[PDB]
4 protein chains.
Amino acid sequence: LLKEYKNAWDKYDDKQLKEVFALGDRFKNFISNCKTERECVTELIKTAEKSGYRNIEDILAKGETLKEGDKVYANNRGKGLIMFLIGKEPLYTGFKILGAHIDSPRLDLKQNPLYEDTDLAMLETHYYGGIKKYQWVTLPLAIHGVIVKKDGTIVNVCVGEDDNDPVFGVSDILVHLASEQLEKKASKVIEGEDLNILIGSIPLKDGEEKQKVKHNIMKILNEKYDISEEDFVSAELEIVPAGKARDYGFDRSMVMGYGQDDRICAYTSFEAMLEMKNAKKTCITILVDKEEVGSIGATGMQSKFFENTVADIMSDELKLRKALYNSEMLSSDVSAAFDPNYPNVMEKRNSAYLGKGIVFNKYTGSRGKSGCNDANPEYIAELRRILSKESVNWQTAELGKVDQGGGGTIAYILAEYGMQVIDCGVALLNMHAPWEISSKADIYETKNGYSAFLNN
Amino acid sequence: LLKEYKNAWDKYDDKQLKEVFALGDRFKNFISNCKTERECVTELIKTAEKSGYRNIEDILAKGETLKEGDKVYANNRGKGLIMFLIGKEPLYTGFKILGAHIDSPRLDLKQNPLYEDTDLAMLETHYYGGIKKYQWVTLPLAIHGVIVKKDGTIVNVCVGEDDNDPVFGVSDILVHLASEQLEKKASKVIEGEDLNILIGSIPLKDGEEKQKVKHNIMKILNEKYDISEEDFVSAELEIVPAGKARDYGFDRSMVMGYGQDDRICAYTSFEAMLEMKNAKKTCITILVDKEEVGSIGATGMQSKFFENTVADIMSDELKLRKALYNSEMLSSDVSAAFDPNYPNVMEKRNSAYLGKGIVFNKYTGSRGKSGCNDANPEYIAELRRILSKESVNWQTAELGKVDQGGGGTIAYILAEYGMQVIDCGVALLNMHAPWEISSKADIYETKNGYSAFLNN
Amino acid sequence: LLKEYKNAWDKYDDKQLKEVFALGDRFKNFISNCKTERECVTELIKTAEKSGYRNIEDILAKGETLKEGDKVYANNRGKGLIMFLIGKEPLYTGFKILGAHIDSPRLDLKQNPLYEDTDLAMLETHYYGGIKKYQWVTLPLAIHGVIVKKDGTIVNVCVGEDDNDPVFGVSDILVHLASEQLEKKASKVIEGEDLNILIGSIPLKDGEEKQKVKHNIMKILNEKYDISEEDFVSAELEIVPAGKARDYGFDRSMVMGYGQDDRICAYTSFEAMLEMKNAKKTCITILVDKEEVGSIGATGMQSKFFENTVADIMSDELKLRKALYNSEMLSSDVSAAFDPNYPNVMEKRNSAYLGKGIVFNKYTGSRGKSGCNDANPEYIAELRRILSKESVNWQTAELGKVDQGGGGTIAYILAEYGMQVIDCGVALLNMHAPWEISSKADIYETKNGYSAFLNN
Amino acid sequence: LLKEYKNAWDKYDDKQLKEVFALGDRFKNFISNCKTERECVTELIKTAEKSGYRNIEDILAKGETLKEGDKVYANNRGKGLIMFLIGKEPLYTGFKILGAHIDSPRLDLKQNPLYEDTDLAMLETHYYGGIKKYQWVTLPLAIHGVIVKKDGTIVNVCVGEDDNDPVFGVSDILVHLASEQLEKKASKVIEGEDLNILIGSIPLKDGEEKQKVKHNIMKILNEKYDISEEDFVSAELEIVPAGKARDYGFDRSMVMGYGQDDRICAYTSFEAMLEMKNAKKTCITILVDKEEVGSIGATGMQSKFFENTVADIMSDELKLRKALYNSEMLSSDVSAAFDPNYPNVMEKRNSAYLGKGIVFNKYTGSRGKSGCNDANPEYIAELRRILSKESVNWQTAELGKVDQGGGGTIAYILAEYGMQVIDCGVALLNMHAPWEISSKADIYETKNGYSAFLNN
Ligand SMILES: [Mn+2]
Ligand SMILES: [Mn+2]
Ligand SMILES: [Mn+2]
Ligand SMILES: [Mn+2]
Ligand SMILES: [Mn+2]
Ligand SMILES: [Mn+2]
Ligand SMILES: [Mn+2]
Ligand SMILES: [Mn+2]
């Protein structure tokens with residue numbers, strides 16, 4: 001009569017189910033957010049899916065004869081990725097979309113980051129995504145991204161990942177003299193001129209020139225690569241915590257790592273979409289960025305998807321529209337899991353819990369559901385039925401007790417067509433933090449939830 | 001040479017004019033916002049307009065032979081509605097649009113609303129639309145909305161409307177102990193776990209189980225309908241003040257009721273559009289929701305209109321664009337009427353008054369007209385001329401003395417095409433309150449204003 | 001050996017007991033506080049009790065031969081009422097009194113309420129009883145009371161009750177501009193010049209005169225009745241929420257309505273006293289007003305009772321005194337029921353709960369039981385024994401955790417004679433609010449508690 | 001229809017009416033509160049009424065043959081006074097009472113007032129009545145009251161009234177050094193050890209003894225009278241502003257003087273009662289004190305009236321009660337007149353104005369009419385009719401805009417019997433101030449209002 005929210009484990013066991021993920025996803029995912037921390041998820045992911053897919057340039061209508069069982073991908077200037085999988089029924093029927101953003105909050109060098117203050121030389125930054133809690137100091141950082149020569153040569157940078165690479169970080173006054181630093185926790189650490197990349201070793205051939213420490217590093221930075229102090233202007237700032245994601249907990253039930261935010265959904269959605277064979281209705285996977293920053297144009301709210309489903313529908317011309325209007329999406333993004341350290345911030349009930357399956361959010365806004373997509377019950381009911389047959393544990397959540405925190409997912413952006421969207425995703429611990437936590441059971445369950453969205 | 005604004009009454013009289021609305025609209029409208037308080041305005045309204053209109057599914061090109069004198073409607077998943085009326089000239093010429101949102105601020109059950117605290121059992125909620133003034137307590141509430149079974153069965157809920165139905169409400173500490181509740185009127189009543197639906201009557205067959213009061217209600221809720229504690233997940237939360245709208249004032253000149261906000265415009269715009277025969281240029285009426293929450297996608301800023309004027313233009317294919325660019329709209333929404341209780345909040349002049357006709361708002365933003373549509377003078381002048389010939393009283397207003405309150409109508413959303421839009425609507429008293437007030441004279445005048453937007 | 005208060009229901013059932021009140025009192029009471037909201041309880045109640053009772057003017061000693069089985073009532077200028085019922089034993093023995101106040105907090109027009117500000121015309125008010133929480137705005141109001149012509153003609157006013165009567169109410173700034181209204185919830189809505197009774201409809205024959213809207217309403221108010229702008233001076237201000245009391249809750253276990261405060265006790269005490277046949281010791285029921293305002297003279301702490309028990313003892317002369325000294329009273333008044341929304345305001349234990357029977361309050365004061373009657377244990381024990389034999393559920397309560405709220409019942413006022421008094425009554429939800437809640441089970445139980453005070 | 005009040009004058013003129021008061025009451029009253037400033041109003045008043053009246057000790061039943069046309073007075077330990085006037089009908093019928101307090105706020109010496117600090121010698125005080133605004137400094141003071149020798153000899157003190165008597169007063173720091181005295185106007189002048197009665201003139205025969213200045217004054221105080229430093233213990237402290245009341249204004253339309261508070265009503269009520277011949281129903285005038293301090297026992301809420309109407313009814317024994325219950329009273333006391341210097345403190349309408357006749361107050365309490373008598377409309381209407389026939393201008397007022405100031409008249413104290421009471425009185429300017437202002441027209445009108453309360 002009354003409803004109870006099952007737990008993911010127990011039900012699992014099976015000796016199979018467990019193994020099928022304990023090491024299953026916690027290996028694939030567990031490693032994904034280690035060798036990919038800067039929206040280059042595209043590369044590593046595009047390398048995968050080598051088991052078919054192409055489109056991109058190979059558009060000859062019959063180059064791959066766009067029809068039943070075909071699979072293609074489209075790259076958006078390397079920052080975004082969208083995958084297709086044609087099915088029996090015609091596109092005009094509808095679609096089965098899975099969406100997720102691959103970007104994540106982080107720090108990143110300014111246009112002229114290199115400067116030298118008091119001997120040592122720092123590197124200007126400018127946080128992105130709203131890490132708000134600037135407790136990004138002390139812990140070890142690594143540099144990623146890319147630099148573009150004036151001639152157009154793209155050089156890849158990745159320092160601090162290998163156990164032999166040096167590391168970087170932001171300093172913070174010692175407690176002994178941090179007395180004056182007490183006003184408002186809200187922010188007493190917020191500048192954008194932090195992070196020193198080199199001490200002494202001053203300088204290059206010791207040929208004078210005030211900024212010796214700086215001069216030296218530029219030269220060191222010149223030997224590797226082939227940049228100049230300029231070039232940074234046309235570079236790609238990327239500071240992220242160093243270290244591979246790890247097993248979290250004495251029972252290895254969780255995973256601690258950077259980027260967990262949605263990148264975990266972007267992954268499960270990937271595998272689900274990847275190992276999806278025999279399609280009844282053409283389904284597609286979208287992976288964009290700029291979500292954490294507002295989802296502005298170019299590579300987020302862009303038409304890259306719009307003017308692509310069409311460029312794909314071409315391989316059966318004119319608008320028709322219905323194509324998108326009759327689709328069903330599952331725009332997923334991580335949610336806040338109930339933390340036993342700060343309970344008064346959530347409503348207990350109506351809150352996602354670590355390990356109770358995949359999360360569903362009918363609405364997610366601010367002062368009165370303001371600015372956000374509101375899933376239709378009829379559609380929700382369907383998902384219920386579906387996630388019942390193929391099983392899979394699911395739970396519904398809300399972000400904090402009513403008037404607490406704010407929300408806004410990219411779910412409404414596509415619903416603008418008339419689709420049936422709803423918010424999904426895994427429950428995380430300490431979001432937007434350099435190290436996030438997740439439940440392997442949830443990761444697993446979520447994937448199955450996605451995969452169980454192939455049929456009907 | 002010096003314009004002066006005159007009371008709608010007096011001019012009326014005629015013994016006819018009065019009767020033609022005193023009981024005229026105050027009956028139709030007066031009853032509309034009584035039997036429709038939860039965006040089901042679509043249903044009751046779609047039932048009306050039975051005098052023609054259809055489209056929806058009956059699309060055969062010649063199924064109704066889309067041409068002169070034809071009238072059709074389009075339903076948007078029940079949450080939205082748009083009506084057409086073909087005229088002599090071709091669509092490519094332009095359109096005569098009337099828009100309004102049918103949604104209104106209210107409370108509405110969470111995903112897992114049923115819970116039991118200290119004997120009695122409450123129902124979690126989460127206000128929508130920004131009622132900000134949570135003085136939604138003490139007074140009697142009714143439940144509306146719909147619940148969807150896992151199988152897809154749609155059950156309709158409407159408790160608290162009939163004089164024999166029980167009622168509901170939110171409690172508030174008695175003044176005797178409300179002493180500690182003094183800090184910031186801004187909010188000392190704001191939770192989302194209010195509203196008890198049942199006391200004692202504990203429980204069902206008294207078969208133990210801690211949450212007895214709860215268990216009992218779920219069972220009671222099970223006999224009627226056929227839901228379980230779940231299902232709420234795929235339900236449609238809807239708490240609204242109970243009671244029919246009434247005649248307000250010793251002279252029955254005003255109307256007190258819930259939903260007045262724009263639903264009053266949505267109505268006058270309806271009748272105007274409905275009793276509109278012999279069309280020169282094809283005109284259409286739009287009624288969407290989610291306005292009070294931001295007008296997000298799916299059922300507000302969606303393409304439902306875009307990809308529909310076309311699906312309709314089909315019954316003469318290719319974009320052409322001009323169709324929309326050459327249209328004229330009258331996006332209406334209620335405005336704040338000058339309240340003699342709080343005068344210092346408005347500029348006196350440049351403020352709408354109760355009974356001085358239909359209201360016009362050239363602009364309506366915040367700090368410096370920020371974020372809002374600004375009507376063109378050339379278009380305004382035209383409306384003037386028109387609302388002069390067919391008579392009709394009109395007045396121009398501004399929302400509060402400059403840097404007071406904020407604004408933002410869905411007028412700019414359609415002007416994005418290049419249309420000639422302007423803000424209209426009736427003047428209300430205490431907006432977004434469980435009980436709003438309006439002037440019958442204004443209601444009437446407004447309608448005539450709309451209707452007088454048919455030809456000249 | 002240990003105690004637990006149990007619940008009223010369960011014990012009931014019997015299929016009879018339930019029916020004997022579910023519809024039993026919830027019908028009588030349920031309707032009482034609907035057709036009587038302004039201390040006219042006297043009238044409707046005096047009309048009842050037609051099954052005997054009279055006294056008033058018919059005092060002839062043998063006019064009704066004051067002796068065994070006689071029943072009479074005494075009206076106090078219509079504002080108060082007291083009923084008697086002679087028993088076997090002589091008055092000199094003692095009495096069995098039941099007391100309660102019939103007045104309740106509300107708004108009410110000043111001496112010169114009618115005025116016109118900015119077109120429309122309002123009506124000055126001045127709350128009574130201490131509604132403190134001026135959240136009496138937005139919701140619909142009705143006018144009651146009486147107006148007295150200079151000649152002495154009493155005209156009755158009752159507008160807003162019938163489904164066809166117009167309504168009234170107090171306005172409040174829309175949230176859009178309510179920003180400046182944030183300081184102290186304690187009071188940012190408190191004036192006494194609120195409530196508009198008429199808009200436009202300006203004016204009467206349009207014969208000029210600045211205050212047209214006003215002039216018109218006075219004329220309208222003149223056609224009905226026959227008053228002038230004066231007369232209000234000798235009128236009886238009475239603004240109360242409109243609408244009949246209703247069934248509260250999905251299980252119709254409670255009742256929501258205005259006046260619940262003590263008027264509920266005044267009723268149960270009535271029926272109990274009414275259907276009380278075969279009296280051993282003469283018992284009497286008192287119903288006064290002005291309690292919510294201090295219980296001042298004229299119709300509260302007056303001698304109306306004193307110089308009446310005597311005027312009645314006459315039908316055996318001289319003081320004797322003992323008559324009152326040897327009586328037992330049950331001065332009842334509603335208490336605050338534990339609200340699951342605001343728990344920290346009460347001590348949990350030692351607090352009345354919705355449905356645990358009739359409430360008993362040994363003491364009820366402020367800073368240290370200050371200013372209030374303290375019931376004697378010997379008397380309390382007796383009541384226990386009694387309410388055990390005839391059964392009836394009872395619970396003891398305290399108003400808020402010690403130093404929280406203040407108290408003061410009219411119980412000590414009669415104990416001044418030496419009587420054995422104690423505080424009784426039903427437990428309510430949100431007291432002094434336009435809409436109060438009560439448990440039918442408690443209503444019932446309370447009555448039985450009273451009736452079970454006829455003998456033993 | 002509508003209505004206005006207009007200024008008592010104009011209507012007057014008559015050349016008679018004016019003279020009949022311009023010099024009429026402004027002479028009698030004008031002089032009363034000059035030769036009587038300390039509840040010795042009794043003496044001067046008792047000396048008047050020499051035209052009959054006595055009772056007091058002369059109680060012989062036939063000593064004056066208590067019957068038609070008889071007039072007697074009763075003295076209450078000199079602090080209170082009550083006058084009777086038998087009429088045709090029997091006492092059992094009812095009474096026509098006029099009440100008023102004769103006491104007024106003022107300062108008054110402690111039990112041990114005489115002390116010497118730094119040369120000069122002061123006199124301890126302790127304000128009475130709540131002058132709250134301690135702006136009782138700088139201006140000239142006079143001493144009244146009485147001192148009682150141990151033997152019982154009553155000595156009368158009255159210093160500072162004759163143009164040749166010395167004066168007294170309270171000092172206050174010069175503005176030059178009053179800088180530190182800025183915190184809270186609420187009170188930065190509040191001690192009770194102010195008022196110096198003698199400088200230098202140190203001392204008596206210069207026979208040493210530290211407190212010389214003191215010693216000297218005691219001696220000086222000894223020559224006159226015959227007191228010692230003790231005796232003050234059994235003395236009657238009385239400090240009041242010195243000077244006769246005067247004509248206020250260029251048109252001599254008002255009167256400025258001390259004691260105006262109710263003492264003005266106590267006077268008009270006196271003359272009215274005094275020149276009242278041919279009585280239909282026995283009418284009586286009451287004049288008590290302690291009102292400004294709470295109206296406590298002994299000489300205010302005492303039984304002096306109760307056990308007196310009886311001691312008088314004796315000259316027809318047993319309680320009967322009805323005697324008082326069927327009476328009509330006019331408990332009067334000054335009200336606050338609208339001051340053009342501080343308008344925002346009153347509601348404009350519903351406020352008494354200087355010169356618009358006698359004032360009527362249906363209610364006068366605090367937070368919601370709390371603690372105060374509420375006059376019945378039926379009674380009010382009657383007064384209207386009456387004050388219409390005999391003419392007389394009247395106006396209704398309220399003390400400050402709702403939740404402003406507090407109130408509490410001794411009107412409810414007698415209504416406790418069941419009488420028909422209502423608040424009357426003249427409108428004053430700056431109440432409880434050392435110098436109050438009143439309108440001669442109002443004074444006059446009020447008296448006529450009282451007198452016009454003789455028949456029916
Ligand atoms: Mn995210
Ligand atoms: Mn995020
Ligand atoms: Mn709005
Ligand atoms: Mn609106
Ligand atoms: Mn009360
Ligand atoms: Mn009460
Ligand atoms: Mn006073
Ligand atoms: Mn006074």
# chains A, B, ... in the order shown; residues from 1 in each chain; ligands from 1

$ residues_near_ligand --ligand "ligand 3" --cutoff "9 Å" --atoms "only C-alpha atoms and all ligand atoms" --output "JSON, numbers by chain"
{"B": [104, 105, 129, 130, 261, 262, 291, 292, 333, 334, 335, 407, 408, 409, 431, 432], "C": [176]}

$ residues_around --residues "residue 146 (chain B)" --least-positions-apart "5" --cutoff "7 Å" --atoms "only C-alpha atoms" --output "PDB file with C-alpha atoms, in the first residue's frame"
ATOM      1  CA  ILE B 154      -5.214   8.900 -15.768  1.00  0.00           C
ATOM      2  CA  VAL B 155      -7.276   9.514 -12.645  1.00  0.00           C
ATOM      3  CA  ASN B 156      -8.761  12.951 -11.975  1.00  0.00           C
ATOM      4  CA  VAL B 157      -8.641  14.488  -8.491  1.00  0.00           C
ATOM      5  CA  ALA B 235       1.186  12.501 -10.168  1.00  0.00           C
ATOM      6  CA  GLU B 236       0.185  16.119 -10.598  1.00  0.00           C
TER       7      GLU B 236
END

$ interface_residues --of "chain C" --to "chain B" --cutoff "7 Å" --atoms "only C-alpha atoms" --output "ChimeraX atom specification"
/C:9,117-118,132-133,135,138-139,166-168,171-177,182-186,194,197-201,246-253,340-342,345,355,404-406,430-435

$ select_by_dssp --residues "region 266-416 of chain D" --states "strand (DSSP E or B)" --output "number ranges by chain"
D: 283-288, 328-329, 332, 335-337, 352, 358-361, 394-396

$ select_by_dssp --residues "region 314-405 of chain A" --states "alpha helix (DSSP H)" --output "list in words"
residues 322, 323, 324, 325, 377, 378, 379, 380, 381, 382, 383, 384, 385, 386, 387, 388 and 389 of chain A

$ write_last_selection --atoms "N, CA, C and O atoms" --output "PDB file, in the first residue's frame"
ATOM      1  N   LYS A 322       7.954  17.164 -36.816  1.00  0.00           N
ATOM      2  CA  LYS A 322       7.546  16.013 -36.016  1.00  0.00           C
ATOM      3  C   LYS A 322       8.702  15.153 -35.515  1.00  0.00           C
ATOM      4  O   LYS A 322       8.661  14.627 -34.394  1.00  0.00           O
ATOM      5  N   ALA A 323       9.730  15.003 -36.347  1.00  0.00           N
ATOM      6  CA  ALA A 323      10.890  14.187 -35.996  1.00  0.00           C
ATOM      7  C   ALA A 323      11.314  14.374 -34.534  1.00  0.00           C
ATOM      8  O   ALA A 323      11.395  13.407 -33.772  1.00  0.00           O
ATOM      9  N   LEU A 324      11.570  15.621 -34.148  1.00  0.00           N
ATOM     10  CA  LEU A 324      11.991  15.940 -32.795  1.00  0.00           C
ATOM     11  C   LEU A 324      10.815  15.936 -31.821  1.00  0.00           C
ATOM     12  O   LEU A 324      10.908  15.385 -30.725  1.00  0.00           O
ATOM     13  N   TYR A 325       9.707  16.547 -32.229  1.00  0.00           N
ATOM     14  CA  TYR A 325       8.521  16.627 -31.384  1.00  0.00           C
ATOM     15  C   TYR A 325       8.075  15.278 -30.821  1.00  0.00           C
ATOM     16  O   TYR A 325       7.560  15.205 -29.701  1.00  0.00           O
ATOM     17  N   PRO A 377       3.748  13.747 -16.020  1.00  0.00           N
ATOM     18  CA  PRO A 377       3.443  12.500 -15.307  1.00  0.00           C
ATOM     19  C   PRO A 377       3.252  11.303 -16.235  1.00  0.00           C
ATOM     20  O   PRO A 377       3.770  10.213 -15.976  1.00  0.00           O
ATOM     21  N   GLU A 378       2.498  11.506 -17.310  1.00  0.00           N
ATOM     22  CA  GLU A 378       2.256  10.429 -18.253  1.00  0.00           C
ATOM     23  C   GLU A 378       3.572   9.822 -18.715  1.00  0.00           C
ATOM     24  O   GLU A 378       3.688   8.601 -18.830  1.00  0.00           O
ATOM     25  N   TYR A 379       4.566  10.674 -18.960  1.00  0.00           N
ATOM     26  CA  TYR A 379       5.881  10.205 -19.400  1.00  0.00           C
ATOM     27  C   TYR A 379       6.604   9.511 -18.242  1.00  0.00           C
ATOM     28  O   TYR A 379       7.251   8.475 -18.429  1.00  0.00           O
ATOM     29  N   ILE A 380       6.483  10.091 -17.053  1.00  0.00           N
ATOM     30  CA  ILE A 380       7.108   9.540 -15.865  1.00  0.00           C
ATOM     31  C   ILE A 380       6.581   8.140 -15.612  1.00  0.00           C
ATOM     32  O   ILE A 380       7.350   7.186 -15.436  1.00  0.00           O
ATOM     33  N   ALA A 381       5.262   8.016 -15.605  1.00  0.00           N
ATOM     34  CA  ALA A 381       4.644   6.724 -15.382  1.00  0.00           C
ATOM     35  C   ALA A 381       5.265   5.692 -16.314  1.00  0.00           C
ATOM     36  O   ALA A 381       5.645   4.599 -15.888  1.00  0.00           O
ATOM     37  N   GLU A 382       5.382   6.043 -17.589  1.00  0.00           N
ATOM     38  CA  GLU A 382       5.970   5.124 -18.563  1.00  0.00           C
ATOM     39  C   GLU A 382       7.340   4.659 -18.127  1.00  0.00           C
ATOM     40  O   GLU A 382       7.616   3.468 -18.092  1.00  0.00           O
ATOM     41  N   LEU A 383       8.201   5.612 -17.803  1.00  0.00           N
ATOM     42  CA  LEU A 383       9.546   5.276 -17.359  1.00  0.00           C
ATOM     43  C   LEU A 383       9.475   4.317 -16.188  1.00  0.00           C
ATOM     44  O   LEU A 383      10.292   3.399 -16.065  1.00  0.00           O
ATOM     45  N   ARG A 384       8.497   4.533 -15.318  1.00  0.00           N
ATOM     46  CA  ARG A 384       8.340   3.667 -14.158  1.00  0.00           C
ATOM     47  C   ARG A 384       8.148   2.257 -14.651  1.00  0.00           C
ATOM     48  O   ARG A 384       8.946   1.362 -14.360  1.00  0.00           O
ATOM     49  N   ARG A 385       7.070   2.074 -15.404  1.00  0.00           N
ATOM     50  CA  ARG A 385       6.732   0.771 -15.957  1.00  0.00           C
ATOM     51  C   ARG A 385       7.978   0.108 -16.568  1.00  0.00           C
ATOM     52  O   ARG A 385       8.302  -1.035 -16.251  1.00  0.00           O
ATOM     53  N   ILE A 386       8.674   0.843 -17.431  1.00  0.00           N
ATOM     54  CA  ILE A 386       9.863   0.332 -18.086  1.00  0.00           C
ATOM     55  C   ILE A 386      10.927  -0.104 -17.103  1.00  0.00           C
ATOM     56  O   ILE A 386      11.391  -1.240 -17.149  1.00  0.00           O
ATOM     57  N   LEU A 387      11.311   0.798 -16.212  1.00  0.00           N
ATOM     58  CA  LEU A 387      12.335   0.501 -15.228  1.00  0.00           C
ATOM     59  C   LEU A 387      11.814  -0.467 -14.203  1.00  0.00           C
ATOM     60  O   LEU A 387      12.355  -0.567 -13.113  1.00  0.00           O
ATOM     61  N   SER A 388      10.738  -1.167 -14.536  1.00  0.00           N
ATOM     62  CA  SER A 388      10.179  -2.150 -13.605  1.00  0.00           C
ATOM     63  C   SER A 388      10.396  -3.496 -14.253  1.00  0.00           C
ATOM     64  O   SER A 388      10.906  -4.419 -13.627  1.00  0.00           O
ATOM     65  N   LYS A 389      10.004  -3.574 -15.523  1.00  0.00           N
ATOM     66  CA  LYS A 389      10.152  -4.783 -16.300  1.00  0.00           C
ATOM     67  C   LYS A 389      11.621  -5.199 -16.261  1.00  0.00           C
ATOM     68  O   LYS A 389      11.967  -6.238 -15.691  1.00  0.00           O
TER      69      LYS A 389
END

$ residues_around --residues "residue 312 (chain A)" --least-positions-apart "6" --cutoff "10 Å" --atoms "only C-alpha atoms" --output "number ranges by chain"
A: 55, 59, 61, 66, 72, 74, 84, 91

$ write_last_selection --atoms "N, CA, C and O atoms" --output "PDB file, in the first residue's frame"
ATOM      1  N   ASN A  55      30.412   9.028 -39.910  1.00  0.00           N
ATOM      2  CA  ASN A  55      29.743  10.221 -40.430  1.00  0.00           C
ATOM      3  C   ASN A  55      30.750  11.334 -40.664  1.00  0.00           C
ATOM      4  O   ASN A  55      31.323  11.451 -41.748  1.00  0.00           O
ATOM      5  N   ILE A  59      30.372  11.588 -45.706  1.00  0.00           N
ATOM      6  CA  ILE A  59      28.974  11.765 -46.056  1.00  0.00           C
ATOM      7  C   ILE A  59      28.856  11.632 -47.570  1.00  0.00           C
ATOM      8  O   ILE A  59      29.188  12.565 -48.314  1.00  0.00           O
ATOM      9  N   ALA A  61      25.959   9.583 -48.728  1.00  0.00           N
ATOM     10  CA  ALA A  61      24.605   9.020 -48.810  1.00  0.00           C
ATOM     11  C   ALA A  61      24.688   7.508 -48.782  1.00  0.00           C
ATOM     12  O   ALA A  61      24.035   6.850 -47.970  1.00  0.00           O
ATOM     13  N   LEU A  66      23.156   5.084 -45.412  1.00  0.00           N
ATOM     14  CA  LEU A  66      22.356   5.415 -44.229  1.00  0.00           C
ATOM     15  C   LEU A  66      21.029   4.658 -44.202  1.00  0.00           C
ATOM     16  O   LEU A  66      20.079   5.029 -44.891  1.00  0.00           O
ATOM     17  N   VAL A  72      26.628   6.323 -36.595  1.00  0.00           N
ATOM     18  CA  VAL A  72      27.561   7.403 -36.931  1.00  0.00           C
ATOM     19  C   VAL A  72      27.709   8.434 -35.819  1.00  0.00           C
ATOM     20  O   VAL A  72      26.851   8.537 -34.944  1.00  0.00           O
ATOM     21  N   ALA A  74      29.204  12.643 -34.784  1.00  0.00           N
ATOM     22  CA  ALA A  74      29.485  13.965 -35.313  1.00  0.00           C
ATOM     23  C   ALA A  74      30.288  14.745 -34.292  1.00  0.00           C
ATOM     24  O   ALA A  74      29.861  14.925 -33.152  1.00  0.00           O
ATOM     25  N   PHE A  84      24.660   8.531 -33.238  1.00  0.00           N
ATOM     26  CA  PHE A  84      23.389   8.041 -33.749  1.00  0.00           C
ATOM     27  C   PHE A  84      23.380   6.518 -33.886  1.00  0.00           C
ATOM     28  O   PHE A  84      24.428   5.860 -33.868  1.00  0.00           O
ATOM     29  N   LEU A  91      12.949   7.930 -39.125  1.00  0.00           N
ATOM     30  CA  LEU A  91      13.268   9.022 -38.221  1.00  0.00           C
ATOM     31  C   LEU A  91      12.022   9.816 -37.895  1.00  0.00           C
ATOM     32  O   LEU A  91      11.768  10.152 -36.743  1.00  0.00           O
TER      33      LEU A  91
END

$ closest_residue --among "D:147, D:102, D:372, D:314" --to "ligand 8" --atoms "only C-alpha atoms and all ligand atoms"
D:102

$ residues_around --residues "residue 298 (chain C)" --least-positions-apart "4" --cutoff "7 Å" --atoms "only C-alpha atoms" --output "compact mmCIF listing (two decimals) with C-alpha atoms, in the first residue's frame"
# COMPACT_ATOMS: atom_id res chain seq x y z
CA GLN C 302 -20.76 41.71 35.30
CA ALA D 415 -20.87 48.93 33.89
CA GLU D 416 -20.02 45.82 35.91
CA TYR D 417 -23.49 46.25 37.37
CA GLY D 418 -25.15 46.14 33.96
CA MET D 419 -25.55 49.90 33.42

$ closest_residue --among "D:153, D:327, D:47, D:76" --to "residue 92 (chain D)" --atoms "only C-alpha atoms"
D:327

$ atom_distance --atom1 "CA of residue 423 (chain D)" --atom2 "CA of residue 374 (chain D)"
8.9 Å
